[PDB]
>>> print(open('target.cif').read())   # mmCIF, C-alpha atoms and all ligand atoms
data_start
#
loop_
_atom_site.label_atom_id
_atom_site.label_comp_id
_atom_site.auth_asym_id
_atom_site.auth_seq_id
_atom_site.Cartn_x
_atom_site.Cartn_y
_atom_site.Cartn_z
CA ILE K 1 28.33 16.67 -7.90
CA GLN K 2 29.22 19.02 -5.03
CA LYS K 3 27.37 22.10 -6.32
CA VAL K 4 24.40 19.75 -6.90
CA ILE K 5 24.44 18.28 -3.38
CA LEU K 6 24.22 21.71 -1.82
CA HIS K 7 21.61 23.70 -3.67
CA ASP K 8 18.74 21.75 -5.26
CA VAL K 9 18.59 18.28 -3.71
CA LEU K 10 18.70 19.72 -0.18
CA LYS K 11 15.48 21.55 -1.04
CA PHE K 12 13.88 18.46 -2.56
CA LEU K 13 14.42 16.42 0.61
CA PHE K 14 13.05 19.17 2.86
CA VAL K 15 9.76 19.12 0.93
CA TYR K 16 9.94 15.35 0.40
CA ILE K 17 10.17 14.91 4.18
CA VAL K 18 7.07 16.95 5.02
CA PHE K 19 4.89 15.06 2.54
CA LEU K 20 6.26 11.66 3.57
CA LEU K 21 5.84 12.44 7.27
CA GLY K 22 2.56 14.21 6.48
CA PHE K 23 0.91 11.56 4.31
CA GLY K 24 2.57 8.96 6.55
CA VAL K 25 0.28 9.67 9.50
CA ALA K 26 -2.82 9.90 7.30
CA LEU K 27 -2.48 6.30 6.14
CA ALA K 28 -0.98 5.14 9.45
CA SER K 29 -4.10 6.32 11.33
CA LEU K 30 -6.81 5.30 8.86
CA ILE K 31 -5.75 1.72 9.49
CA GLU K 32 -7.67 0.22 12.41
CA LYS K 33 -8.08 -3.03 14.38
CA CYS K 34 -5.38 -5.67 13.97
CA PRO K 35 -7.17 -8.91 15.01
CA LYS K 36 -4.53 -10.91 16.88
CA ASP K 37 -5.92 -14.07 15.29
CA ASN K 38 -4.62 -12.59 11.99
CA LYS K 39 -1.26 -11.04 13.03
CA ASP K 40 0.93 -8.89 10.75
CA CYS K 41 -2.51 -7.63 9.76
CA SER K 42 -1.20 -4.88 7.48
CA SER K 43 1.99 -3.29 6.17
CA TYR K 44 0.81 0.15 7.26
CA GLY K 45 0.63 -0.45 11.01
CA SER K 46 2.58 1.87 13.25
CA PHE K 47 3.95 5.11 11.81
CA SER K 48 7.41 3.60 11.35
CA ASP K 49 6.02 1.10 8.83
CA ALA K 50 4.06 3.73 6.90
CA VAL K 51 7.13 5.87 6.21
CA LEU K 52 9.10 2.95 4.78
CA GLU K 53 6.42 1.24 2.70
CA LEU K 54 5.90 4.67 1.15
CA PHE K 55 9.68 5.01 0.84
CA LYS K 56 9.91 1.71 -1.05
CA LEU K 57 7.17 2.95 -3.39
CA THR K 58 9.10 6.08 -4.43
CA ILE K 59 12.30 4.30 -5.51
CA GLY K 60 10.33 1.79 -7.59
CA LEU K 61 10.56 -1.21 -5.27
CA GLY K 62 8.35 -3.69 -3.47
CA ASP K 63 4.71 -4.69 -3.83
CA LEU K 64 1.33 -2.98 -3.42
CA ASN K 65 -2.25 -4.18 -2.88
CA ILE K 66 -5.09 -1.85 -1.97
CA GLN K 67 -6.70 -4.19 0.56
CA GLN K 68 -4.85 -3.17 3.77
CA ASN K 69 -7.06 -3.20 6.87
CA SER K 70 -8.65 0.26 6.96
CA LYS K 71 -11.92 2.03 7.69
CA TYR K 72 -12.11 3.63 4.22
CA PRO K 73 -10.60 1.70 1.29
CA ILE K 74 -11.78 4.57 -0.92
CA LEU K 75 -10.03 7.23 1.19
CA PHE K 76 -7.10 4.92 1.94
CA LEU K 77 -6.22 5.01 -1.77
CA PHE K 78 -6.93 8.68 -2.52
CA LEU K 79 -4.14 9.65 -0.11
CA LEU K 80 -1.86 7.12 -1.85
CA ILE K 81 -2.44 8.11 -5.48
CA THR K 82 -2.04 11.61 -4.04
CA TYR K 83 1.46 10.76 -2.80
CA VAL K 84 2.36 9.34 -6.23
CA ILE K 85 1.37 12.51 -8.08
CA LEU K 86 2.60 15.13 -5.61
CA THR K 87 5.94 13.35 -5.27
CA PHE K 88 6.18 13.02 -9.07
CA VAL K 89 5.64 16.76 -9.63
CA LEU K 90 8.70 17.72 -7.57
CA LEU K 91 10.88 15.22 -9.45
CA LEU K 92 10.02 17.24 -12.57
CA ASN K 93 10.87 20.42 -10.67
CA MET K 94 14.15 18.63 -9.97
CA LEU K 95 15.34 17.95 -13.52
CA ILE K 96 14.27 21.41 -14.71
CA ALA K 97 15.87 23.22 -11.77
CA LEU K 98 19.18 21.53 -12.60
CA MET K 99 18.48 22.12 -16.30
CA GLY K 100 18.14 25.81 -15.48
CA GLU K 101 21.50 25.51 -13.68
CA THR K 102 23.65 23.51 -16.11
CA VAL K 103 23.09 25.38 -19.38
CA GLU K 104 24.21 28.62 -17.70
CA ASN K 105 27.10 27.45 -15.54
CA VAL K 106 28.96 24.18 -16.31
CA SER K 107 31.26 25.03 -19.23
CA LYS K 108 32.43 28.16 -17.39
CA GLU K 109 31.67 27.22 -13.78
CA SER K 110 33.38 23.84 -13.43
CA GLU K 111 36.56 24.44 -15.45
CA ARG K 112 37.32 27.66 -13.58
CA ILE K 113 36.72 26.75 -9.93
CA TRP K 114 38.66 23.58 -10.76
CA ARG K 115 41.67 25.77 -11.58
CA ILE G 1 5.99 23.41 -8.28
CA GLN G 2 2.73 25.37 -8.57
CA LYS G 3 3.14 26.50 -12.18
CA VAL G 4 4.03 22.85 -12.94
CA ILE G 5 0.96 21.39 -11.23
CA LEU G 6 -1.36 23.53 -13.30
CA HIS G 7 -0.21 23.43 -16.89
CA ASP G 8 1.58 20.25 -18.04
CA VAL G 9 0.85 17.45 -15.57
CA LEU G 10 -2.89 18.15 -15.70
CA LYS G 11 -2.70 17.38 -19.42
CA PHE G 12 -0.64 14.24 -18.89
CA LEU G 13 -3.20 12.75 -16.51
CA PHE G 14 -6.12 13.53 -18.83
CA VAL G 15 -4.47 11.50 -21.61
CA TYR G 16 -3.08 8.96 -19.13
CA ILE G 17 -6.62 8.34 -17.90
CA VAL G 18 -8.13 7.60 -21.31
CA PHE G 19 -5.44 5.06 -22.18
CA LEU G 20 -5.57 3.40 -18.76
CA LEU G 21 -9.37 3.23 -18.81
CA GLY G 22 -9.23 2.38 -22.51
CA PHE G 23 -6.65 -0.39 -22.45
CA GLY G 24 -8.10 -1.42 -19.08
CA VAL G 25 -11.29 -2.82 -20.60
CA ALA G 26 -9.43 -4.49 -23.47
CA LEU G 27 -7.45 -6.73 -21.11
CA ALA G 28 -10.30 -6.95 -18.59
CA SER G 29 -12.61 -8.44 -21.24
CA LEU G 30 -10.17 -10.72 -23.07
CA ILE G 31 -9.89 -12.67 -19.83
CA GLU G 32 -12.52 -15.41 -19.65
CA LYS G 33 -13.71 -18.28 -17.42
CA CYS G 34 -12.51 -18.31 -13.82
CA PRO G 35 -12.91 -21.99 -12.80
CA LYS G 36 -14.08 -21.87 -9.19
CA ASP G 37 -11.91 -24.92 -8.47
CA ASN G 38 -8.96 -22.55 -9.17
CA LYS G 39 -10.08 -19.28 -7.51
CA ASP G 40 -8.21 -15.95 -7.78
CA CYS G 41 -7.77 -17.27 -11.32
CA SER G 42 -6.10 -14.11 -12.62
CA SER G 43 -4.97 -10.63 -11.60
CA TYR G 44 -6.89 -9.08 -14.48
CA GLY G 45 -10.41 -10.09 -13.44
CA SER G 46 -12.98 -7.35 -13.06
CA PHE G 47 -12.23 -3.91 -14.47
CA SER G 48 -11.19 -2.60 -11.06
CA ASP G 49 -8.27 -5.04 -10.97
CA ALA G 50 -7.14 -4.24 -14.51
CA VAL G 51 -6.74 -0.51 -13.81
CA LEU G 52 -4.55 -1.12 -10.76
CA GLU G 53 -2.32 -3.92 -12.04
CA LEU G 54 -1.64 -1.61 -14.97
CA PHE G 55 -1.15 1.24 -12.50
CA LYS G 56 1.46 -0.75 -10.57
CA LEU G 57 3.25 -1.44 -13.86
CA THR G 58 3.68 2.26 -14.70
CA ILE G 59 5.36 3.28 -11.43
CA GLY G 60 7.82 0.38 -11.67
CA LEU G 61 6.27 -1.92 -9.07
CA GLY G 62 4.93 -5.43 -8.70
CA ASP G 63 5.26 -8.59 -10.78
CA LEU G 64 4.22 -9.69 -14.27
CA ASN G 65 3.72 -13.06 -16.00
CA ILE G 66 2.11 -13.41 -19.40
CA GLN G 67 0.06 -16.50 -18.52
CA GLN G 68 -3.15 -14.90 -17.17
CA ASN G 69 -6.31 -16.80 -18.13
CA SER G 70 -7.30 -15.39 -21.52
CA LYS G 71 -8.65 -16.41 -24.91
CA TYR G 72 -5.66 -14.97 -26.81
CA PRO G 73 -2.27 -14.98 -25.05
CA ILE G 74 -0.86 -13.44 -28.25
CA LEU G 75 -3.39 -10.59 -28.26
CA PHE G 76 -3.39 -10.36 -24.46
CA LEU G 77 0.26 -9.24 -24.65
CA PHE G 78 0.09 -6.97 -27.71
CA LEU G 79 -2.27 -4.67 -25.81
CA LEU G 80 0.16 -4.74 -22.86
CA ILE G 81 3.42 -3.98 -24.67
CA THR G 82 1.25 -1.36 -26.36
CA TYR G 83 0.48 0.26 -23.00
CA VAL G 84 4.20 0.26 -22.12
CA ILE G 85 5.20 2.10 -25.30
CA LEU G 86 2.29 4.54 -25.59
CA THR G 87 2.61 5.48 -21.92
CA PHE G 88 6.39 5.86 -22.32
CA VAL G 89 6.04 8.27 -25.26
CA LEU G 90 4.03 10.80 -23.23
CA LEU G 91 6.59 10.69 -20.40
CA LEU G 92 9.09 11.95 -22.99
CA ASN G 93 6.58 14.60 -24.04
CA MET G 94 6.54 15.45 -20.34
CA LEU G 95 10.22 16.19 -19.76
CA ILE G 96 10.51 18.12 -23.04
CA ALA G 97 7.35 20.16 -22.44
CA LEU G 98 8.79 21.29 -19.10
CA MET G 99 12.19 21.68 -20.76
CA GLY G 100 10.53 24.02 -23.24
CA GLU G 101 9.09 25.88 -20.22
CA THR G 102 12.05 26.17 -17.85
CA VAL G 103 14.77 27.55 -20.15
CA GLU G 104 12.47 30.45 -21.10
CA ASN G 105 10.85 31.31 -17.77
CA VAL G 106 12.47 30.30 -14.45
CA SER G 107 15.27 32.83 -13.92
CA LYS G 108 12.85 35.66 -14.73
CA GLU G 109 9.51 34.03 -13.92
CA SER G 110 10.07 32.70 -10.40
CA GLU G 111 12.12 35.54 -8.89
CA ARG G 112 9.62 38.16 -10.04
CA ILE G 113 6.24 36.65 -9.13
CA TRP G 114 7.91 35.78 -5.83
CA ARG G 115 8.42 39.50 -5.23
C1 LIG P 201 12.72 18.35 8.43
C2 LIG P 201 12.09 17.44 9.47
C3 LIG P 201 13.07 16.51 10.17
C4 LIG P 201 13.96 15.70 9.23
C5 LIG P 201 14.23 14.28 9.71
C6 LIG P 201 15.01 13.45 8.70
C7 LIG P 201 14.97 11.95 8.96
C8 LIG P 201 13.60 11.31 8.70
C9 LIG P 201 12.89 10.93 9.96
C10 LIG P 201 12.30 9.77 10.19
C11 LIG P 201 11.59 9.37 11.45
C12 LIG P 201 10.73 8.12 11.24
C13 LIG P 201 9.96 7.66 12.47
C14 LIG P 201 10.81 7.50 13.73
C15 LIG P 201 10.39 6.33 14.61
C16 LIG P 201 9.02 6.46 15.24
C17 LIG P 201 8.95 7.55 16.31
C18 LIG P 201 8.34 8.84 15.79
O1 LIG P 201 9.00 9.74 15.35
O2 LIG P 201 6.99 8.89 15.87
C19 LIG P 201 6.27 8.58 17.11
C20 LIG P 201 5.50 9.82 17.47
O3 LIG P 201 5.55 10.71 16.33
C21 LIG P 201 4.58 10.61 15.41
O4 LIG P 201 3.67 9.83 15.48
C22 LIG P 201 4.80 11.58 14.29
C23 LIG P 201 3.72 12.64 14.19
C24 LIG P 201 4.28 14.02 13.89
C25 LIG P 201 4.92 14.16 12.51
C26 LIG P 201 5.95 15.27 12.46
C27 LIG P 201 6.43 15.63 11.07
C28 LIG P 201 7.10 16.99 11.05
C29 LIG P 201 7.59 17.45 9.68
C30 LIG P 201 7.60 18.96 9.56
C31 LIG P 201 8.50 19.50 8.47
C32 LIG P 201 8.61 21.02 8.53
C33 LIG P 201 8.66 21.69 7.18
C34 LIG P 201 8.75 23.20 7.28
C35 LIG P 201 8.53 23.93 5.97
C36 LIG P 201 9.12 25.32 5.99
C37 LIG P 201 5.35 7.41 16.87
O5 LIG P 201 6.13 6.27 16.48
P1 LIG P 201 5.73 4.81 17.00
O6 LIG P 201 4.72 4.21 16.10
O7 LIG P 201 5.46 4.88 18.45
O8 LIG P 201 7.16 4.14 16.79
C38 LIG P 201 7.29 2.78 16.30
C39 LIG P 201 7.85 1.92 17.41
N1 LIG P 201 9.14 1.18 17.11
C40 LIG P 201 10.24 2.12 16.72
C41 LIG P 201 9.55 0.45 18.36
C42 LIG P 201 8.93 0.18 16.02
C1 LIG P 202 -11.36 12.05 -17.40
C2 LIG P 202 -12.21 10.83 -17.05
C3 LIG P 202 -12.61 10.75 -15.58
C4 LIG P 202 -11.45 10.88 -14.60
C5 LIG P 202 -11.57 9.98 -13.38
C6 LIG P 202 -10.34 10.02 -12.48
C7 LIG P 202 -10.25 8.87 -11.49
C8 LIG P 202 -9.95 7.52 -12.13
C9 LIG P 202 -11.14 6.60 -12.14
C10 LIG P 202 -11.14 5.34 -11.79
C11 LIG P 202 -12.32 4.41 -11.79
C12 LIG P 202 -11.90 2.95 -11.64
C13 LIG P 202 -13.05 1.94 -11.64
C14 LIG P 202 -14.16 2.26 -10.65
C15 LIG P 202 -14.78 1.03 -10.00
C16 LIG P 202 -15.52 0.10 -10.95
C17 LIG P 202 -16.81 0.70 -11.50
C18 LIG P 202 -16.65 1.27 -12.89
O1 LIG P 202 -16.39 2.43 -13.09
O2 LIG P 202 -16.82 0.38 -13.88
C19 LIG P 202 -18.00 -0.49 -13.96
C20 LIG P 202 -18.70 -0.15 -15.25
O3 LIG P 202 -17.80 0.67 -16.02
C21 LIG P 202 -16.95 0.05 -16.85
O4 LIG P 202 -16.90 -1.14 -17.01
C22 LIG P 202 -16.07 1.05 -17.55
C23 LIG P 202 -16.30 1.10 -19.06
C24 LIG P 202 -16.27 2.51 -19.60
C25 LIG P 202 -14.92 3.21 -19.52
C26 LIG P 202 -15.06 4.72 -19.50
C27 LIG P 202 -13.76 5.48 -19.69
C28 LIG P 202 -13.99 6.92 -20.10
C29 LIG P 202 -12.74 7.74 -20.32
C30 LIG P 202 -12.96 8.86 -21.32
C31 LIG P 202 -11.98 10.01 -21.22
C32 LIG P 202 -12.37 11.17 -22.11
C33 LIG P 202 -11.21 11.86 -22.80
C34 LIG P 202 -11.64 13.00 -23.69
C35 LIG P 202 -10.55 13.54 -24.60
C36 LIG P 202 -10.83 14.95 -25.06
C37 LIG P 202 -17.56 -1.93 -13.93
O5 LIG P 202 -16.86 -2.19 -12.70
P1 LIG P 202 -17.08 -3.56 -11.91
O6 LIG P 202 -16.16 -4.60 -12.43
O7 LIG P 202 -18.53 -3.83 -11.84
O8 LIG P 202 -16.61 -3.03 -10.48
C38 LIG P 202 -15.82 -3.86 -9.60
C39 LIG P 202 -16.67 -4.22 -8.40
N1 LIG P 202 -16.11 -3.87 -7.03
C40 LIG P 202 -15.86 -2.39 -6.91
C41 LIG P 202 -17.13 -4.26 -6.00
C42 LIG P 202 -14.84 -4.61 -6.77
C1 LIG P 203 13.08 9.58 -5.88
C2 LIG P 203 14.43 8.92 -5.67
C3 LIG P 203 15.45 9.80 -4.97
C4 LIG P 203 15.05 10.27 -3.58
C5 LIG P 203 14.66 9.16 -2.63
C6 LIG P 203 14.51 9.61 -1.20
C7 LIG P 203 15.84 9.81 -0.49
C8 LIG P 203 15.73 9.80 1.04
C9 LIG P 203 14.75 10.80 1.55
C10 LIG P 203 14.25 10.89 2.77
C11 LIG P 203 14.39 9.91 3.89
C12 LIG P 203 13.07 9.18 4.09
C13 LIG P 203 12.95 8.44 5.40
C14 LIG P 203 13.15 6.95 5.27
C15 LIG P 203 13.00 6.20 6.57
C16 LIG P 203 12.29 4.88 6.40
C17 LIG P 203 12.31 3.99 7.65
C18 LIG P 203 11.44 4.50 8.77
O1 LIG P 203 10.97 5.61 8.78
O2 LIG P 203 11.22 3.59 9.76
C19 LIG P 203 12.07 2.41 9.96
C20 LIG P 203 13.39 2.84 10.55
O3 LIG P 203 13.21 4.14 11.16
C21 LIG P 203 14.31 4.78 11.54
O4 LIG P 203 15.43 4.35 11.42
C22 LIG P 203 13.96 6.11 12.14
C23 LIG P 203 14.83 7.26 11.64
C24 LIG P 203 16.19 7.28 12.31
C25 LIG P 203 17.01 8.54 12.04
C26 LIG P 203 17.89 8.48 10.80
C27 LIG P 203 17.21 8.95 9.53
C28 LIG P 203 18.03 8.66 8.28
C29 LIG P 203 18.07 9.77 7.23
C30 LIG P 203 19.49 10.19 6.88
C31 LIG P 203 19.58 11.32 5.88
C32 LIG P 203 20.98 11.47 5.31
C33 LIG P 203 21.23 12.79 4.60
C34 LIG P 203 22.60 12.85 3.93
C35 LIG P 203 22.54 13.14 2.44
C36 LIG P 203 22.33 14.60 2.13
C37 LIG P 203 11.33 1.51 10.90
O5 LIG P 203 11.51 1.97 12.26
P1 LIG P 203 11.99 1.01 13.44
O6 LIG P 203 10.91 0.03 13.69
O7 LIG P 203 12.47 1.85 14.56
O8 LIG P 203 13.25 0.27 12.78
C38 LIG P 203 13.16 -1.09 12.27
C39 LIG P 203 14.19 -2.02 12.87
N1 LIG P 203 14.00 -2.42 14.33
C40 LIG P 203 12.59 -2.82 14.62
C41 LIG P 203 14.89 -3.60 14.60
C42 LIG P 203 14.40 -1.30 15.24
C1 LIG P 204 4.57 7.68 -14.38
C2 LIG P 204 4.63 8.10 -12.93
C3 LIG P 204 3.80 9.35 -12.62
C4 LIG P 204 2.32 9.24 -12.93
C5 LIG P 204 1.64 8.05 -12.29
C6 LIG P 204 0.13 8.09 -12.39
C7 LIG P 204 -0.52 9.06 -11.42
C8 LIG P 204 -2.00 8.80 -11.19
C9 LIG P 204 -2.80 8.78 -12.45
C10 LIG P 204 -4.04 8.38 -12.62
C11 LIG P 204 -4.90 7.66 -11.64
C12 LIG P 204 -5.01 6.19 -12.02
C13 LIG P 204 -6.14 5.44 -11.35
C14 LIG P 204 -5.66 4.42 -10.35
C15 LIG P 204 -6.78 3.62 -9.71
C16 LIG P 204 -6.36 2.21 -9.37
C17 LIG P 204 -7.37 1.45 -8.52
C18 LIG P 204 -8.62 1.07 -9.26
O1 LIG P 204 -8.91 1.53 -10.33
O2 LIG P 204 -9.40 0.16 -8.61
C19 LIG P 204 -9.27 -0.13 -7.17
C20 LIG P 204 -9.85 1.01 -6.38
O3 LIG P 204 -10.74 1.76 -7.24
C21 LIG P 204 -11.17 2.94 -6.80
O4 LIG P 204 -10.87 3.41 -5.74
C22 LIG P 204 -12.07 3.59 -7.81
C23 LIG P 204 -11.78 5.07 -8.03
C24 LIG P 204 -12.34 5.94 -6.92
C25 LIG P 204 -12.31 7.43 -7.20
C26 LIG P 204 -11.03 8.14 -6.78
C27 LIG P 204 -9.94 8.17 -7.83
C28 LIG P 204 -8.60 8.64 -7.29
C29 LIG P 204 -7.82 9.60 -8.19
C30 LIG P 204 -7.51 10.91 -7.50
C31 LIG P 204 -6.78 11.92 -8.36
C32 LIG P 204 -6.16 13.04 -7.55
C33 LIG P 204 -5.75 14.26 -8.36
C34 LIG P 204 -5.02 15.31 -7.53
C35 LIG P 204 -3.64 15.66 -8.06
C36 LIG P 204 -3.69 16.61 -9.24
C37 LIG P 204 -10.02 -1.41 -6.92
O5 LIG P 204 -11.43 -1.12 -6.81
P1 LIG P 204 -12.31 -1.62 -5.58
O6 LIG P 204 -12.44 -3.09 -5.68
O7 LIG P 204 -13.55 -0.80 -5.53
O8 LIG P 204 -11.39 -1.24 -4.33
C38 LIG P 204 -10.61 -2.24 -3.62
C39 LIG P 204 -10.90 -2.29 -2.13
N1 LIG P 204 -12.24 -2.86 -1.70
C40 LIG P 204 -12.56 -4.14 -2.42
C41 LIG P 204 -12.17 -3.15 -0.23
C42 LIG P 204 -13.35 -1.88 -1.94
NA NA P 205 12.00 2.74 -11.98
NA NA P 206 10.45 -2.25 -9.33
NA NA P 207 16.13 16.01 -19.07
#
>>> encode(input="target.cif", output="structure tokens")
Amino acid sequence: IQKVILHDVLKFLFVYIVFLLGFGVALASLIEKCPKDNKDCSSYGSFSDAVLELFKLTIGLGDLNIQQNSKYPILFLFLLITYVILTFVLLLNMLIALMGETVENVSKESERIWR
Amino acid sequence: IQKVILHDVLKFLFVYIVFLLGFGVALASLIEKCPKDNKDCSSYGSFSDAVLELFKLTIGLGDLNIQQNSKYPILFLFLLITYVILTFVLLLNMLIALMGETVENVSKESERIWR
């Protein structure tokens, strides 16, 4: 666990941040007027809400409907399906990067530094 | 990440499209009359709704109830449990196809093209 939370996951965050914060603005700005007659107009409102409602998406949690008040419902989705794919690709770089670590190291690495 | 978004995932989409668009019609047509007295009769209405409510299923998101207005609630499910399995099989072809790529390449591939 320790050699794994030092070497691979720390990378994955650092690139998972920049996309989340990156794509976060893109969908947090495409949203437009919140008519006060219809308050809590959209989940993606301020930037703080965009980061989380994307965060809930990654873990496999919540609900989604491509109707949120925006200027471009066609562009408002292309940046979202984007975030699904681009996120997903790294998660496959995750399991293989640890796969390329465990078959070489564990049986000799763990038992010895344990001693 | 780059060698992975060129070679394996591009395949997985191209077969994930044809099933999604394929099974999308099958459940988008089996649905029938939307009585205007009972509007938003079903999630699977037009084809555009079928693609997404299947899309939300794949990522692990949303809600499901096998009651949606259809002619055949027995056939309306067999095409759905179908889409769960057939999708799932490719995702196992994913992790193994990258597994059959990483154990051969990474330690020599990445460090060298990086130079
Ligand atoms: C590694 C990066 C750091 C890690 C952090 C880890 C923790 C994650 C961080 C989580 C923070 C979540 C939001 C905090 C709260 C809101 C305030 C805010 O920050 O935004 C404000 C201004 O800022 C913007 O609008 C942001 C625009 C710039 C994005 C910068 C990304 C840089 C990443 C580059 C990466 C380099 C990669 C280099 C590659 C070699 C706007 O916010 P607001 O709408 O006014 O606020 C809501 C109001 N409320 C709070 C009262 C409700
Ligand atoms: C690779 C394929 C392309 C990739 C695309 C990637 C992006 C994904 C694409 C997403 C598009 C999502 C829907 C768009 C919006 C609706 C319009 C539409 O297209 O359908 C319309 C007609 O068309 C049909 O009814 C479709 C029937 C033919 C299916 C063709 C699949 C071919 C895949 C073969 C693969 C070959 C494999 C070969 C193997 C070697 C009906 O729609 P509607 O109900 O009238 O519209 C709703 C109305 N509203 C919008 C106002 C609400
Ligand atoms: C694929 C599965 C695996 C991976 C999954 C991904 C894993 C995680 C990856 C990455 C983290 C992703 C960011 C999530 C943040 C969502 C919430 C947000 O942005 O806004 C919300 C909170 O906002 C804040 O609290 C602002 C940030 C405060 C600083 C602390 C950051 C915590 C990270 C610590 C890192 C520890 C590192 C130690 C371990 C090494 C809303 O803003 P607000 O409105 O101000 O607050 C609401 C309440 N209020 C209105 C009453 C005030
Ligand atoms: C297992 C986990 C990992 C894999 C997960 C799977 C990963 C993804 C796999 C595959 C993608 C799956 C398709 C999802 C589409 C759902 C929405 C839909 O069909 O209809 C909706 C939108 O419809 C549209 O927007 C129509 C399509 C527009 C073209 C852009 C396609 C974006 C793909 C870009 C590809 C980027 C490639 C770059 C990266 C290489 C509804 O139609 P509407 O009613 O017209 O719109 C509603 C709003 N309105 C009423 C206000 C207008
Ligand atoms: Na899940
Ligand atoms: Na879920
Ligand atoms: Na694995």
>>> closest_residue(input="target.cif", among="K:93, K:12, K:62, K:114", to="ligand NA 207 (chain P)", atoms="only C-alpha atoms and all ligand atoms")
K:93
>>> closest_atom_pairs(input="target.cif", of="chain G", to="ligand LIG 204 (chain P)", cutoff="6 Å", atoms="only C-alpha atoms and all ligand atoms", output="JSON lines")
{"residue": "G:13", "atom": "CA", "partner": "P:LIG204", "partner_atom": "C9", "distance": 5.7}
{"residue": "G:17", "atom": "CA", "partner": "P:LIG204", "partner_atom": "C10", "distance": 5.9}
{"residue": "G:48", "atom": "CA", "partner": "P:LIG204", "partner_atom": "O2", "distance": 4.1}
{"residue": "G:49", "atom": "CA", "partner": "P:LIG204", "partner_atom": "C37", "distance": 5.7}
{"residue": "G:51", "atom": "CA", "partner": "P:LIG204", "partner_atom": "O1", "distance": 4.6}
{"residue": "G:52", "atom": "CA", "partner": "P:LIG204", "partner_atom": "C16", "distance": 4.0}
{"residue": "G:55", "atom": "CA", "partner": "P:LIG204", "partner_atom": "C14", "distance": 5.9}
{"residue": "G:58", "atom": "CA", "partner": "P:LIG204", "partner_atom": "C1", "distance": 5.5}
{"residue": "G:59", "atom": "CA", "partner": "P:LIG204", "partner_atom": "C2", "distance": 5.1}
>>> interface_residues(input="target.cif", of="chain G", to="chain K", cutoff="7 Å", atoms="all atoms listed in the file", output="ChimeraX atom specification")
/G:1,5,59-62,99,102-103
>>> closest_residue(input="target.cif", among="K:25, K:87, K:42, K:112", to="ligand LIG 203 (chain P)", atoms="only C-alpha atoms and all ligand atoms")
K:87
>>> atom_distance(input="target.cif", atom1="atom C21 of ligand LIG 201 (chain P)", atom2="atom CA of residue 6 of chain K")
28.4 Å
>>> atom_distance(input="target.cif", atom1="atom CA of residue 31 of chain G", atom2="atom CA of residue 71 of chain G")
6.4 Å
>>> atom_distance(input="target.cif", atom1="atom CA of residue 109 of chain K", atom2="atom CA of residue 9 of chain K")
18.8 Å
>>> axis_aligned_box(input="target.cif", around="ligand LIG 203 (chain P)", padding_each_side="8 Å", output="lines of an AutoDock Vina configuration file")
center_x = 16.8
center_y = 5.5
center_z = 4.7
size_x = 27.7
size_y = 34.2
size_z = 37.1
>>> residues_near_ligand(input="target.cif", ligand="ligand LIG 202 (chain P)", cutoff="12 Å", atoms="all atoms listed in the file", output="PyMOL selection string")
(chain K and resi 66-67+73-74+77-78+81-82) or (chain G and resi 10-29+44-55)
>>> build_atoms(input="target.cif", residues="segment 13-20 of chain K", atoms="N, CA, C and O atoms", output="short mmCIF file (atom, residue, chain, number, x, y, z; two decimals), in the coordinates of the input")
data_model
loop_
_atom_site.label_atom_id
_atom_site.label_comp_id
_atom_site.auth_asym_id
_atom_site.auth_seq_id
_atom_site.Cartn_x
_atom_site.Cartn_y
_atom_site.Cartn_z
N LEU K 13 14.64 17.16 -0.63
CA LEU K 13 14.42 16.42 0.61
C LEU K 13 13.44 17.15 1.51
O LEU K 13 12.37 16.63 1.83
N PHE K 14 13.77 18.40 1.85
CA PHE K 14 13.05 19.17 2.86
C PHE K 14 11.55 19.25 2.57
O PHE K 14 10.74 19.38 3.49
N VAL K 15 11.17 19.19 1.29
CA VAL K 15 9.76 19.12 0.93
C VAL K 15 9.33 17.66 0.78
O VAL K 15 8.15 17.34 0.92
N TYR K 16 10.27 16.77 0.48
CA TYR K 16 9.94 15.35 0.40
C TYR K 16 9.75 14.76 1.79
O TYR K 16 9.03 13.77 1.96
N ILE K 17 10.40 15.34 2.80
CA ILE K 17 10.17 14.91 4.18
C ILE K 17 8.73 15.23 4.58
O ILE K 17 7.99 14.34 5.03
N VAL K 18 8.32 16.48 4.42
CA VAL K 18 7.07 16.95 5.02
C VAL K 18 5.87 16.22 4.43
O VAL K 18 4.86 15.98 5.10
N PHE K 19 5.95 15.86 3.14
CA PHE K 19 4.89 15.06 2.54
C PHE K 19 4.92 13.64 3.07
O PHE K 19 3.89 13.09 3.47
N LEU K 20 6.10 13.03 3.09
CA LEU K 20 6.26 11.66 3.57
C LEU K 20 5.80 11.54 5.02
O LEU K 20 5.03 10.63 5.36
#
